[PDB]
Amino acid sequence: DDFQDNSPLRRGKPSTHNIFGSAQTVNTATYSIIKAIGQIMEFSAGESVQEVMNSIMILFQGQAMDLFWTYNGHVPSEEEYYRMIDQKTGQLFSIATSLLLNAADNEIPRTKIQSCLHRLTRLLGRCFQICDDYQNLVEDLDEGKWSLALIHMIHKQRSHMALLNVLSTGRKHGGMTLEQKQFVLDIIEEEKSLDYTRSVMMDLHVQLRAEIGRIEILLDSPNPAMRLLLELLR
Amino acid sequence: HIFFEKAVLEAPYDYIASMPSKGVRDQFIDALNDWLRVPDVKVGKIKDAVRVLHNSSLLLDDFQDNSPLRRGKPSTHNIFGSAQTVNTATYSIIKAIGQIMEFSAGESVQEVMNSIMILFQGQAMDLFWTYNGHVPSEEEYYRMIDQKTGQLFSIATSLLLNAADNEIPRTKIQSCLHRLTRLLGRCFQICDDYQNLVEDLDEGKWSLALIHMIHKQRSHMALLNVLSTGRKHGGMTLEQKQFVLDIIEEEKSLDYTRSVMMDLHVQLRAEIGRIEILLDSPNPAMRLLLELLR
Amino acid sequence: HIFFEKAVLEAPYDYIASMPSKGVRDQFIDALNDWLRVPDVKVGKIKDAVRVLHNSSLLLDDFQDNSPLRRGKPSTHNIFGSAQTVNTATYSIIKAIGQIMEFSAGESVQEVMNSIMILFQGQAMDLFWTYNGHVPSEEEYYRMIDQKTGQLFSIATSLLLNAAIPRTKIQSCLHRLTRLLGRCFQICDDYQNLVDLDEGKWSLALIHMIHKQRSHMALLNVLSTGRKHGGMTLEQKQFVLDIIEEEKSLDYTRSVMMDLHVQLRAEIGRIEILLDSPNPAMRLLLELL
């Protein structure tokens, strides 16, 4: 990712692209994925592990959509964006859940809990991206990508034209500016766009709390560990 | 000295005033005259008014659509500089509005101002697509083409038809004439595209072939992805341009625009034949005019 | 549908409207109604028409000198491209004409049309003397300023006498005040910008240094041997600096402003005695400076 979405310094270390060269990092990454498939296969093959490889092939369809929009400039929808994020981030949590169940108690039914667990994973995976947005928009990503704020305004008739033409200057010139980004940041704060994502976050929490309570009655005990992860969002 | 002031402003417009345009608008006007039969005193100024608008739009295009040369001689942009050419074009239009108001004032000319404002809505769509990359539809392309070229012929007919020389009740003649005018303007664009693709204008514009092909599942992805590199680099390459030209020759693109051209001809001739039976005599000018459009 | 195609034409014009306009032409017109006393239903209309003309002119101007940032926000050149800005500026001026061609006025079509063509002559010259570096003279600078700035107020006044009880023995004594007021602004507006590279930014405090007969010929050649070989030298950067400071050209501009006033306060008085009605408004325009 830090090669396809050419990025600068990240968290104190330079991007792996500039150190070992572009051609070398690609080959090292493709090798490690195949190594991981072999470990996964090893531990178990009964119960059909043709659904743990069939669920990795999708993680590459997801990123392909994103690199086509950022390239060909096609504006996203709102429902279409939810699918793109589901394929890319949520599927990794789904793998972890789909392997634990395959060998847990060998006694529990689980028949009526398979669908329930997948419902929990989806909402948590979707949440972690929309919440991550708030930290990026308090910039440096206006070079092609599509946050939730930007998708809300370009669908609101007012000021839709202005921003669409501004971002177009970017992909033609390779980077927006240091001043125009202040213009784009100033538009967002006026129509209260950074307040429409906030009104969605407070909604998704009520869903997760309800979901666990539905699991908390299906032969289960408290989880002061699960309920301690959501507490770290003020 | 006023002789100097009036000649530094008008200097650029004189550079394309004398170029051999070889236009057809003049030939088109003298052919309707066989029907309308208006006094010669008029038929002079109208050519001298519709010509001002055409040359003015030309100055504004060879700047918007950045080109280095047009034919032989250099572009008006490179000679007089960018800043002057815009002001010279903007001023020249104001003369044309006055030269029209000069005589036509009875029949409510507010329908000759409502027919100029649209010629700028048309190019605004064009400069919005080529810039923001939005792919066109099929109906949107035909609608845009009417706004830009065909509306200029619309001015010509509405000024010719102001002289009801003791005849022409126009009760049955208003609508019928307009469809004849519309079809020829639409034709005079697509026909240029077929001669143009027998390249060098892949810097942004949207021909009929590209809009027809990107709606056929084969190579739909390929063509879309190649064009995006262009507006990012400002011109494709000498190599990448060969790829699109060979796709055209394989998916049989140069044969579907031909199959649309022959459709409008049979329709317009039917319209002229319907005009030739409505208390009128032969018009060997129109029936010889169609051959001068390739 | 159609609303889409309509909002691309009017996108740049609606963007320059949101700027913080200075707002002087909209008070000077309100002051003349004391004498003429035209109906309100027209005063609002005439103001709207003159407003679009000035905003449509400037869009061409701020582009005729490529500047990424004019004031606060980015320049229209760097948001909607360049081809879009020109093709919407052109549409706007034509639209203003059509609003004058209606009930606004019936017979004086040539009157308002001619005062629009002139506005472009005074602007073609500005572009010419900039493109060829041929610095102007004071005798022609006053021509340009009256042909480019005053030719806006003139239209505002010639339409206000077409609605309004006096007679035609007044209009000859109103155009004088306009051209004086129009000229005085450009010099004062330029003054505020003052209180190096050239690239066509004239003013009264700059055309006076190249013609001060003391050191005239010596200066006229410091500029050359330059722009086509390099920006400047290392002692010339101080040379051009200290030469202008000596005679303090900046105070000769002060003197010229003090003369229009003593003529101005006597120009309202002439009409002030023609029509037996005071003017508590023309006196308040002077609070601008």
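Derivation of every value follows stated rules applied to the coordinates shown; laboratory data play no part. Methodologically, a virtual Cβ is constructed for each residue, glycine included, from the backbone with ideal geometry; neighbour enumeration extends over all protein chains shown.
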Are there trypsin sites (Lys or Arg not before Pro) in the stretch A:1-42 that DSSP marks as loop and that have at most 15 other Cβ atoms within 10 Å, and which are they? A:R11
Net charge, C:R51 excluded, C-beta distance under 15 Å - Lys, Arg +1, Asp, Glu -1: +1
Between the DSSP loop rule and a limit of at most 15 other Cβ atoms within 10 Å, which GluC sites (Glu not before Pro) in the stretch C:34-132 are left? C:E102, C:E107
A student asked for the Cα radius of gyration and Dmax of the stretch B:195-274 in angstrom ought to give 15.6, 52
Test item: C:128-141 mean partner chain Cβ contacts at 10 Å: 1
For the stretch B:138-189, convex hull volume per residue from C-alpha positions, Å³: 74
What nm distance separates the two modelled labels at C:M217 and A:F93, each placed 7 Å from Cα along Cα→Cβ? 8.7
From the C-alpha gyration tensor of the stretch C:96-202, pull out the three semi-axes of the equivalent ellipsoid (sqrt of 5λ each), sorted largest to smallest, in whole Å. 31, 17, 11
Along its principal axes, what span do the Cα atoms of the stretch A:1-134 show, with the longest given first and each in whole Å? 52, 36, 28
Once you have the Cα-Cα distance between B:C176 and B:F3, take 0.36 nm times their residue separation minus that, and quote the gain in nm to one decimal. 57.5 nm
Can you pull the semi-axes for the stretch B:228-290, root of five times each eigenvalue of the Cα gyration tensor, sorted largest first, whole Å? 44, 14, 10
Would you work out the charge dipole size for the stretch B:35-83 about its Cα centre, treating the Cβ of every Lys and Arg as +1 and the Cβ of every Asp and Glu as -1, and quote it to the nearest 20 debye? 280
What are the radius of gyration and Dmax of the stretch B:47-103, computed over its Cα atoms and given in Å? 12.6, 40
Taking N as the residue count of the stretch C:70-125, its alpha carbon Rg divided by 2.2 N^0.38 Å gives 1.51
Approximate spin-label separation C:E10-C:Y252, in nm, with each point projected 7 Å along Cα-to-Cβ: 5.0
Expressed in nanometres to one decimal, the distance between label points 7 Å along Cα→Cβ at A:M41 and C:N114 is 9.3
Which percent of Cα-Cα pairs in the protein assembly as shown sits in each 10 Å bin, short to long? 2, 9, 16, 18, 17, 14, 11, 7, 4, 1, 0, 0
Which percent of the Cα-Cα distances in the stretch B:138-264 go past 22 Å? 49
Put +1 on the Cβ of every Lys and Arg and -1 on every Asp and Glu Cβ in chain B; which of B:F4, B:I247, B:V226 then has its Cα farthest towards the positive end of the dipole? B:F4
The summed charge of the C:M19 Cβ neighbourhood (under 12 Å; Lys/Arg +1, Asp/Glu -1) stands at +2
Give me the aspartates and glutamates in straight-line cross-link reach of C:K47: C-alpha distance below 19 Å, same-chain residues under 8 apart excluded. C:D14, C:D26, C:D30, C:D34, C:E102, C:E111
How shielded is C:7-16 by partner chains, expressed as the average number of their Cβ atoms within 10 Å of its Cβ atoms? 4
Among C:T233, B:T85, rank each residue by its count of other Cβ atoms within 10 Å, from fewest to most, as a rough exposure measure. C:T233, B:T85
Where does chain A land on Rg/Rh, using Cα atoms and the Kirkwood Rh? 1.00
Ellipsoid semi-axes in whole angstrom, largest first, where each is sqrt(5λ) of the Cα gyration tensor of the stretch A:1-43: 26, 12, 8
Under the rule of -39500 (n - 2.57) per DSSP H run of 4 or more residues, summed and divided by the residues of the protein assembly as shown, what mean residue ellipticity at 222 nm is obtained, to the nearest 500 deg cm²/dmol? -19000 deg cm²/dmol
Per-residue average of Cβ from other chains inside 10 Å of A:158-165: 5
Add +1 for every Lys or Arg and -1 for every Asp or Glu among the other residues with Cβ under 9 Å from the Cβ of C:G122, and state the total. 0
About its Cα centre, what dipole magnitude does chain C give when the only charges are +1 on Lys and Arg Cβ and -1 on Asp and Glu Cβ, stated in debye to the nearest 20? 380
